[PDB]
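One line per chain: the protein sequences are N, P, D, K and 2, in this order.
Under PDB author numbering, think of the first position of the first sequence as 1, with each following residue one higher.
Under PDB author numbering, think of the first position of the second sequence as 2, with each following residue one higher.
Under PDB author numbering, think of the first position of the third sequence as 3, with each following residue one higher.
Under PDB author numbering, think of the first position of the fourth sequence as 1, with each following residue one higher.
Under PDB author numbering, think of the first position of the fifth sequence as 2, with each following residue one higher.
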Amino acid sequence: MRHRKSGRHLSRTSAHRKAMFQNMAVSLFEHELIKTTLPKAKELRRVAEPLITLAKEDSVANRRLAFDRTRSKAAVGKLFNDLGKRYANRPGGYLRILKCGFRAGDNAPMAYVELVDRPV
Amino acid sequence: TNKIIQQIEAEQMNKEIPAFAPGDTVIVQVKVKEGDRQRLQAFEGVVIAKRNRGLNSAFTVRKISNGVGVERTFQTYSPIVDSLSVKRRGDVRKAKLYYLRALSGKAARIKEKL
Amino acid sequence: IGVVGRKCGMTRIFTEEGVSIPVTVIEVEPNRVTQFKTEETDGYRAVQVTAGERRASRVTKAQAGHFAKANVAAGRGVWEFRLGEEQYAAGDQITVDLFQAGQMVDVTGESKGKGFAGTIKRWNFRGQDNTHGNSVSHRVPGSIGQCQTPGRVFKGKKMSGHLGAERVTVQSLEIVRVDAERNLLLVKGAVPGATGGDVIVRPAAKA
Amino acid sequence: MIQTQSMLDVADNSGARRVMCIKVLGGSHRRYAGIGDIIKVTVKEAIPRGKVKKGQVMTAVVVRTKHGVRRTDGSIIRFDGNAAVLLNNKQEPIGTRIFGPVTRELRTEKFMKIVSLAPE
Amino acid sequence: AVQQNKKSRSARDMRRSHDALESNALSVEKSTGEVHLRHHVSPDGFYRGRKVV
RNA sequence: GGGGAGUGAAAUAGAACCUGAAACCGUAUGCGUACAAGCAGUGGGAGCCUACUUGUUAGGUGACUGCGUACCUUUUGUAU
RNA sequence: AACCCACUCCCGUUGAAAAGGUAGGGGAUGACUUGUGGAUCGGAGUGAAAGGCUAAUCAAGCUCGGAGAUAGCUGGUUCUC
RNA sequence: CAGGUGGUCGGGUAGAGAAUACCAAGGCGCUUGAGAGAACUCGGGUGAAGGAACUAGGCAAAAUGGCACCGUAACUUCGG
RNA sequence: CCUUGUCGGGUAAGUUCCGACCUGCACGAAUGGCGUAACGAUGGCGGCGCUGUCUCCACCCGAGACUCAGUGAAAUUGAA
RNA sequence: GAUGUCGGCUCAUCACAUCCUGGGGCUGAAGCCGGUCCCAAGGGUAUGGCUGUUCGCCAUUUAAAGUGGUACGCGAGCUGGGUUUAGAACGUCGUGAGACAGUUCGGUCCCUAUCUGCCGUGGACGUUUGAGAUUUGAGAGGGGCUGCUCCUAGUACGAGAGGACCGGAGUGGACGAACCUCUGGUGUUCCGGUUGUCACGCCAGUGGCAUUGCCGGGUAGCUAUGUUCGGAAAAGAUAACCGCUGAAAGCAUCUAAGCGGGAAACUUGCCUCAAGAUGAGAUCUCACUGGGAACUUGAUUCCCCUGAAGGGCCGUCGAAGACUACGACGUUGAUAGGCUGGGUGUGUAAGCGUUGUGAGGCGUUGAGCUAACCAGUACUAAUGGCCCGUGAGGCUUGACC
């Protein structure tokens, strides 16, 4: 009935979602501009935004906690050094989601999801 | 608004309730009133489960009378619970302590702290 | 006459004798009468009322002009109460002070909406067997009619569909506490709908 | 106990060791019996010489359930084991001793003999 | 379960009187002057007077 | 795959190519149709619209209304 | 276990499949399972036997002839007065 | 095309094992996808209190499950 | 066959079951008679354990359903 | 050129020749119970042991376990035990193939719903100018059950035995609606523990996979087995029945005029839907104040003129939902996500001091998450297009102008 229940299933198992939303989050801390699906980007910011909040307090108990929920060495050092020194005085909203038309193959609704202070 | 129904609850919540953890052996002093009297009855046993929801808070104590296991889920801020008193503190490292139900006499013994 | 409020939660009252009373609370910001309908101008006796707070961009000119006849500056919704013989000015203000303690009161809210329910959760039908060789008809309904006679399904047959958000009235609920300071009724039991849904409270129809 | 075919210990003195509910008394489609309710039993197991015998349709008051009984503050009292006290056609207990606790929902006008014998 | 009679083309076309398509909410960037979907990035990459990609 | 230009007597003879029917599917236009029950027509019949010439015509549509249960075969007999 | 089987449930029945799948199940050093080559055929083979099997066909295969068998039966028989 | 198709090779940790789990060498993402998270359907997971009251029938599901040692009835064709 | 024969046991209650009786419609000694350890995906009964079989279903997880994009059937059909 | 059995399951619907509850007459009706006959169809109206069963026989209930019709209601809803094709056996019958007032074991149940019907939910249009909102209620649906104790009263009644009607509580059962505070269930989105293994360079720490690997718990939500509420009283018209006055017919008679009492039936009462009630109703408010031409004067079409009230698309969402619709909101913003506290759940992380040969032992500490929960807002995403809707609302008659 899903009254007041949070989280999209996205037609995959719970372990697939957890694998995808850390593949998506690691890709976003690397590139800072990824183009994904619109429901899949709404569920990304409940994963990638609490990793930047965690990386604002540089600590050995935070770096191996962020590594527990990224399992990538490269994107923990991209945190705690860049994203956490950028966003130290920004209270949330580390990434913006911009809708960009529809995918050509199917008619999937796309979005750009993008960190806010990109150097460009 | 939740601010005005947690304020209704805070008005009813002016009773002491000393600090007690699951695993501890406690004595609940309950009120009984039927066949009109106002006497006070003890219920000594082991706290196996605490509910921590404010006014809706509760605890489950396990006693054994006469070879029969017996549970009362108490309501922490009800005036049936007149007073509460911890007899011996327990060392359990687990919140809900329902595994005692399959243990009978000496396997169902809690350690003490300190 | 009644009152318009909102289901603000579900609570308990412990008495001194030791019984916890199931309580829902209904916060009632002081309603304001808007139009008083008499038989000379409307055929029946009633009073329109309005429970406050509505932003100006959401109030239309026709709606805003109606709140302006009655100097009200009114909010969300408009509700009407059939009166027997009471007189209300069109700038008055009805509060919880219209109910006391004891008092049996009827509460009408919009029930919680279950989507499209089946015949088991909607009409309490008995499910069929789950293994004795049953095919794919586990919770499907059984037959919907007789045979060639009547040769069709009768009107009203109980089937599945929108079980849900319907106007439901719970009657004879006792009023355990009337708080005119925090603008609250505490009603014994459950009232229909979810938290914050608009809910109508008035004197018991069965006394 | 609670329903038919349910099997339940014997809390009073003489006769049975296990009885089985064959009928919940009271209403018409009545399906459950809690503490203080009257069931119809049959004696599934008994001692070598007692006041009842194995295989005997008798009446018993339910004194002690695992589903429990609820108090007016909301508190429940809940036992580890199902138990009844067998009765005669007076609905007076047959045994002269009660074993185990009982609840105060049983000290009514008809069952206070069970309460006055119980080591509650 | 089948037809006992074939559908008329009057009734075949009455069914698809609800199958007409809707248009999109289009709007024009004030800077560039190009049509795009409302609330979406332009096909050149502009969104509310700013190149975003 | 088309729009022209050329070619030819002809390209709505353009190669799936003479003629190019019917079912079937479209666009345009005129009239009817969203309070009215059934073999869908027929008798009566208003209004509207096109051509014409006088109007007591011709073509289209057919509001409204009377009567009206296809066809074959088989049968004592079939809306069946 | 492989392998060979095919007892039970459910799914599937316009199937993924003109007999399967999934979960369990029987035999599994033997009267076993199997590759390759060969032998036996239509009132005729073969059959630890069910009328079983003999190329998705079996109380007599398939194909082509007799042959447009026969049908006291069925259905249909086309312009007008 | 979830079928069928003879034979050969066969690493690591756990293991009796060529079972099984996870992996190496090696191979692969099964040629429609994206949402949504109704009934119902399918394949599963947990379940208060009862525990075969189900049903034609414990069908199905739940349970038991290893190794060592102890212990082990009737009956027996002396092997079980 | 009468028939759920009758009696005993098992159940609160047992057309089935077990043990008997003999009144064998219509058993009978290699179309073998009566027993029988072991065996059985064999038929019928009873018990323990176990349980969503059930009282009575509740919630949850995946695959369809529903929606959007692309592809695109079938049985049926006198006309509606 | 097919209308596929018996029974169970699931769902029913009607009848009244009534099983219970309600109103009565007569009794060989003292009372408690009954017998029998009227009136009455509102709601109720078992669970099991045997058998394939319908029935039946039994055990225990209940206020009561009614009788019928509906293709002996219902297999494009289920089952498939009985009958029942192919196998096999027993008794019997026949020389035989084979058969049966017979038994016995085994044995494939297809269909994606076009139309009518039904339960839901919409799109269009119409309601005579349009709009935002609130409603009247013609009509329609739901609902309607009942046991026990007590109190009158061991009083009426009866030699005693035995036992009331009539009257008001308060406690159940079955049923229904809402709900989630409580008691619990679930909680593959939370926190732990732990087995096997592979990885992250290694140690530590963690992560994949093993049904969520297996498990202990458990927030929000949904939920019952949890909680709360319900069935009415009351009114009107009646039914049998009981009359009052009262003739025809000096009297007698409920009746022929006239007047009454009288039931869960009927009409309201209670709940829900309800103006597509085309008979389309009613209120309060709002918004829009330019001209030529032909031809036939509801006069219309044509152009120039402008588009309001408002609605919708879109976006952020919802305790609303299949799509919709409904609801809230879109910077004059608190709608969602994040962030900041607060709670909750789990149960003392990591790291290092400490400690032992080693597995393992306190504090920091009752921590970091945070899932859905509760608290401000200019962190992020909700962009002041013109797409719809126009420019004062026909005529006739009447009353007051």
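Heads up, the beta-carbon is just placed ideally off N, CA and C, and yes, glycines get one too.
Proximal chain N residues relative to residue i, where beta-carbon distance stays under 9 Å
i: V54 (chain 2); result: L33, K35, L98, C100, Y112 and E114
Cβ separation of residue i and residue j, assumed to be a contact under 8 Å, to the nearest whole Å
i: residue 1 (chain D); j: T97 (chain D); result: Chain D is shown only over 3 to 209; residue 1 (chain D) falls outside these bounds and no answer can be derived.
i: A111 (chain N); j: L98 (chain N); result: 6 Å
i: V19 (chain K); j: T4 (chain K); result: The pair is not a contact, with the Cβ atoms about 12 Å apart (cut-off 8 Å).
i: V27 (chain P); j: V82 (chain P); result: Wrong, their Cβ atoms sit about 11 Å apart, outside the cutoff.
i: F99 (chain K); j: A11 (chain K); result: 6 Å
i: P205 (chain D); j: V107 (chain D); result: 7 Å
i: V5 (chain D); j: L100 (chain D); result: 6 Å
Contacting residues, own chain, Cβ-Cβ under 8 Å from residue i (five flanking each side not counted)
i: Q13 (chain P); result: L56 and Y78
i: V54 (chain 2); result: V42 and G46
i: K123 (chain D); result: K116 and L165
Under 8 Å from the C-beta of residue i: neighbouring residues of chain K
i: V71 (chain P); result: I77, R78, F79, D80 and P101
i: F16 (chain D); result: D73
i: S79 (chain P); result: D73, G74 and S75
i: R102 (chain P); result: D80
Cut-off 6 Å between Cβ atoms - residues of its own chain near residue i, not counting five sequence neighbours on either side
i: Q76 (chain P); result: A59
i: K78 (chain N); result: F29
i: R107 (chain K); result: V115
i: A50 (chain P); result: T61 and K97
i: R104 (chain K); result: none
Beta carbon of residue i nearer than 9 Å to that of residue j
i: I28 (chain D); j: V193 (chain D); result: yes
i: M161 (chain D); j: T110 (chain D); result: no
i: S22 (chain D); j: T72 (chain K); result: yes
i: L187 (chain D); j: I9 (chain P); result: no
i: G45 (chain D); j: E31 (chain D); result: no
i: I76 (chain K); j: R90 (chain P); result: no
i: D80 (chain K); j: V71 (chain P); result: yes
i: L33 (chain N); j: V113 (chain N); result: yes
i: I2 (chain K); j: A33 (chain K); result: yes
i: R34 (chain D); j: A76 (chain D); result: yes
i: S113 (chain D); j: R169 (chain D); result: yes
i: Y87 (chain N); j: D58 (chain N); result: no
Listed by chain order, chain D residues near residue i by CB distance under 7 Å
i: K32 (chain P); result: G20
i: residue 125 (chain K); result: As shown, chain K starts at 1 and ends at 120. That puts residue 125 (chain K) outside it, with no answer to give.
Chain-ordered neighbours of residue i on chain P, where CB pairs are closer than 8 Å
i: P93 (chain K); result: Those do not exist, as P93 (chain K) stays about 17 Å from chain P at its closest Cβ, beyond 8 Å.
i: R104 (chain K); result: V33 and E35
i: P119 (chain K); result: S66 and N67
Close beta carbons around residue i, own chain, < 7 Å, minus the five adjacent residues each side
i: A96 (chain P); result: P23
Residue i: contacting residues in chain N (beta-carbon distance under 7 Å)
i: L38 (chain 2); result: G101
Neighbour list for residue i in chain N, Cβ cutoff strictly below 8 Å
i: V42 (chain 2); result: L98, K99, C100, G101 and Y112
Residue i: contacting residues in chain P (beta-carbon distance under 7 Å)
i: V27 (chain D); result: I6 and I9
i: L85 (chain D); result: Correct list: empty, because the minimum Cβ distance to chain P is about 30 Å.
Proximal chain K residues relative to residue i, where beta-carbon distance stays under 7 Å
i: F21 (chain P); result: Correct list: empty, because the minimum Cβ distance to chain K is about 17 Å.
Chain D contact residues for residue i, given Cβ-Cβ distances below 8 Å
i: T2 (chain P); result: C10 and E29
Ignoring anything shorter than 4 residues, give me the alpha helix (DSSP H) runs that lie fully in the region 97 to 185 of chain D, in order along the chain. 121 to 125
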